[PDB]
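Protein sequence lines, in the order shown, are assigned to chains B and A.
Throughout the first sequence, residue numbering follows PDB author numbering, covering 2 to 96 in sequence.
Throughout the second sequence, residue numbering follows PDB author numbering, covering 7 to 279 in sequence.
By construction, the Cβ of each residue, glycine as well, lies at the ideal position given by its N, Cα and C atoms.
This report refers to the structure that appears directly beneath it.
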Amino acid sequence: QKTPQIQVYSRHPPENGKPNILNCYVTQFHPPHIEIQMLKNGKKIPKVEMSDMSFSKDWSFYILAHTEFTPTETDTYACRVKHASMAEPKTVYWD
Amino acid sequence: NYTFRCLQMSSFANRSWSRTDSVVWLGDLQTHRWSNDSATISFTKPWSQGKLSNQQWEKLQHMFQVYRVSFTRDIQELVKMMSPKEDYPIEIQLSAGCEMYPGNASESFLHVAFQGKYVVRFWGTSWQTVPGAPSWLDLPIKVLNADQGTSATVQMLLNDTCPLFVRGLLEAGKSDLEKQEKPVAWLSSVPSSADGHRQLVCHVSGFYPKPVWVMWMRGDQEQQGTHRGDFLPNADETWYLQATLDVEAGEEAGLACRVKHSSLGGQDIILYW
Ligand SMILES: CCCCCCCC/C=C\CCCCCCCC(=O)OC[C@H](COP(=O)(O)O)OC(=O)CCCCCCC/C=C\CCCCCCCC
Ligand SMILES: *[C@@H]1O[C@H](CO)[C@@H](O[C@@H]2O[C@H](CO)[C@@H](O)[C@H](O)[C@H]2NC(C)=O)[C@H](O)[C@H]1NC(C)=O
Ligand SMILES: *[C@@H]1O[C@H](CO)[C@@H](O)[C@H](O)[C@H]1NC(C)=O
Ligand SMILES: *[C@@H]1O[C@H](CO)[C@@H](O)[C@H](O)[C@H]1NC(C)=O
Numbered sequence: 002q003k004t005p006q007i008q009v010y011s012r013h014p015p016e017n018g019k020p021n022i023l024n025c026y027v028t029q030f031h032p033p034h035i036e037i038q039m040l041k042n043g044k045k046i047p048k049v050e051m052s053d054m055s056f057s058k059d060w061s062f063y064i065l066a067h068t069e070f071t072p073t074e075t076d077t078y079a080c081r082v083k084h085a086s087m088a089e090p091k092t093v094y095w096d
Numbered sequence: 007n008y009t010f011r012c013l014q015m016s017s018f019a020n021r022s023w024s025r026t027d028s029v030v031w032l033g034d035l036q037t038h039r040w041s042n043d044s045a046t047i048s049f050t051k052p053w054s055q056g057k058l059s060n061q062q063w064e065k066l067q068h069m070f071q072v073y074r075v076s077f078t079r080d081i082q083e084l085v086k087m088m089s090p091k092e093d094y095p096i097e098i099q100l101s102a103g104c105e106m107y108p109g110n111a112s113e114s115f116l117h118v119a120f121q122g123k124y125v126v127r128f129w130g131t132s133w134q135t136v137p138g139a140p141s142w143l144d145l146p147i148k149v150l151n152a153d154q155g156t157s158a159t160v161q162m163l164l165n166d167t168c169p170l171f172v173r174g175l176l177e178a179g180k181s182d183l184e185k186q187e188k189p190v191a192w193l194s195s196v197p198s199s200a201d202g203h204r205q206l207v208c209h210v211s212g213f214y215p216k217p218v219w220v221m222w223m224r225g226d227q228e229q230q231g232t233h234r235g236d237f238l239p240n241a242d243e244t245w246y247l248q249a250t251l252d253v254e255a256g257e258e259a260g261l262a263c264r265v266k267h268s269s270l271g272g273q274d275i276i277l278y279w
């Protein structure tokens, strides 16, 4: 068993009111069965796109999630992951 | 130059649930996917068939369709025998391909991990357990080695088919493999884990190919505090990377982030904090 690492980052420089893409890159996990949710103010974003599951030289899995978003001043965004290596879902916030 | 890898991911949860999913990469570009759900292998590029005819592709795919079914059966039968010694859940990964070298040279490989750990490779004319692999694998591998038609097919795929297929992909996928996309950079800050400090972040996004240079600078002086993170994929086959610099309050003034990339043709990006 290997615990996932989660990194959250935007595709373009963030500008308030302008359409962008938010990425959630989940790596270093095993086994490959995993649940990824992207959150807007703590609510699940419904249209999240997922890359195919892949793995590295070191055998650990990675997968990219992404969604359209348009950041504002007052919106918080996160990526939350459920995996058998953690008793608790891990949440990483966009900075 | 380029590494070609076919990645197989097989999961067995019980006697009646398994799935096998594959992806194929040429360098960092995905060329194929083969979901458990689908009978046929899917191209993820216009050129994913390389320079093989429709007939040669069909043969190749037909062989893999037979393999996928045989692989699943054989593993289930293996678990039925090993149990309770080894049981569910079971994870097997295969990584097979070749690496292309300068003057037309080629090296092939085929590796197998069980439960996330490297255990078996194909090498030369036969399969072998790697040193330190569990000993209960010696018998099944001997049994698999007695199947000489399988051994011949694997040798043919690694020795001949792999490099032949790849030269075709390299030629057919030329404009994609040699594409140049430009980094766009921006600066932000986040709290530091150290007091009296703030962490400055230089984000660099949308570049291709991978190699890139990013440094925080004070005039001509490189800031040795610069901490490059990993390469992170964008969803559009471009790359993302950030470089951070923890700064004391008031050393912030006069910092710049400088970015070099082959797509800029000598014209570095320089942002000032
Ligand atoms: C996508 C286009 C790229 C084309 C270029 C090719 C580059 C090479 C890439 C992949 C080549 C390697 C993949 C292997 C291909 C298999 C070839 C083949 O035809 O084998 C089919 C045969 C025929 O089966 P049958 O019905 O019994 O006659 O199937 C088999 O041999 C059975 C499958 C076994 C092969 C893999 C075994 C893995 C080895 C050890 C497994 C680990 C043990 C875990 C123990 C379980 C716990 C109880
Ligand atoms: C595939 O290539 C390998 C060479 O890497 C061949 O296996 C070698 O050749 C002979 C077997 O006749 C042995 O004496 C060597 O020890 C083998 N090398 C290794 C590293 O094991 C193999 O014969 C080739 N097969 C085909 C069909 O071309
Ligand atoms: C087998 O595994 C699948 C996947 O976890 C599960 O949904 C199913 O209920 C299991 N069935 C049995 C009989 O154990
Ligand atoms: C994977 O594919 C096989 C063969 O078509 C199928 O029988 C099996 O149900 C699939 N596994 C899952 C979990 O859907």
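Closer than 8 Å at the beta carbon, the chain A residues around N21 of chain B: Within the first sequence, the letter at position 20 stands for residue 21 of chain B. Contact note: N21 of chain B does not reach chain A at a C-beta cutoff of 8 Å; the least C-beta distance is about 11 Å.
Amino acids of chain A, ordered along the chain, whose beta-carbon sits closer than 9 Å to that of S55 of chain B: In the first sequence, residue 55 of chain B corresponds to position 54, counting from 1. The contacting residues are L13, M15, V29, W31, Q36.
Proximity of residue 2 of chain A and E97 of chain A at Cβ, strictly below 8 Å: This structure gives no information on residue 2 of chain A, because the portion of chain A shown stretches from 7 to 279.
Terminal residues of the alpha helix (DSSP H) in which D93 of chain A lies: Position 87 of the second sequence, counted from the first residue, corresponds to residue 93 of chain A. Per DSSP, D93 of chain A lies in no alpha helix (DSSP H) and is assigned neither H nor E.
Within-8 Å CB hit, residue 280 of chain A to chain B: Because chain A in this structure spans residues 7 to 279, residue 280 of chain A falls outside the shown range and cannot be described.
Contact test: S28 of chain A Cβ vs ligand 3 heavy atom, cutoff 7 Å: Along the second sequence, read from residue 1 onward, the residue named residue 28 of chain A stands at position 22. Relative to ligand 3, the beta carbon of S28 of chain A is positioned no closer than 7 Å to any heavy atom.
Ligand 1 heavy atom lying under 7 Å from the CB of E177 of chain A: Numbered from its first residue, the second sequence carries residue 177 of chain A at position 171. Checking the Cβ of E177 of chain A against ligand 1 gives no.
Paired residues, beta bridge with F10 of chain A - DSSP: As a first step, residue 10 of chain A is located in the second sequence; it is residue number 4 there, counting from the start. For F10 of chain A, DSSP records a beta bridge to A:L32, A:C104.
Beta-carbon separation (whole angstroms), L116 of chain A vs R127 of chain A, contact threshold 8 Å: Here residue 116 of chain A is taken as the residue at index 110 of the second sequence, counted from 1. Here residue 127 of chain A is taken as the residue at index 121 of the second sequence, counted from 1. Sure, about 6 Å apart at Cβ, within 8 Å.
Range covered by the alpha helix (DSSP H) that runs through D144 of chain A: Here residue 144 of chain A is taken as the residue at index 138 of the second sequence, counted from 1. Segment 144 to 151, the alpha helix (DSSP H) holding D144 of chain A.
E64 of chain A in three-state terms, based on DSSP: Counted from its first residue, the second sequence places residue 64 of chain A at position 58. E64 of chain A: helix per DSSP, three-state reduction.
Same chain, Cβ closer than 7 Å to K216 of chain A, neighbours up to 5 away in sequence not counted: Numbered from its first residue, the second sequence carries residue 216 of chain A at position 210. Within the same chain, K216 of chain A has close Cβ partners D34, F237, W245.
Whether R81 of chain B touches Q38 of chain B by CB criterion (8 Å): Residue mapping note: residue 81 of chain B aligns to position 80 of the first sequence, counting from 1. Residue mapping note: residue 38 of chain B aligns to position 37 of the first sequence, counting from 1. Yes. Within cutoff.
Boundaries (first-last residue) of the alpha helix (DSSP H) holding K57 of chain A: Stepping through the second sequence from its first residue, residue 57 of chain A is reached at position 51. Going by DSSP, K57 of chain A is part of no alpha helix (DSSP H) at all; its letter is neither H nor E.
CB contact below 8 Å: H67 of chain B versus chain A: Counting from 1 along the first sequence, the entry for residue 67 of chain B is found at position 66. Interface flag for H67 of chain B against chain A is set, since a Cβ pair is found closer than 8 Å.
Beta carbon of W60 of chain B nearer than 8 Å to that of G103 of chain A: Stepping through the first sequence from its first residue, residue 60 of chain B is reached at position 59. Stepping through the second sequence from its first residue, residue 103 of chain A is reached at position 97. The Cβ-Cβ distance between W60 of chain B and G103 of chain A does not fall below 8 Å.
At least three beta-carbon pairs within less than 8 Å, the region 209 to 227 of chain A to the region 140 to 157 of chain A: Judged by Cβ distances under 8 Å, the region 209 to 227 of chain A makes no contact with the region 140 to 157 of chain A, as fewer than three pairs qualify.
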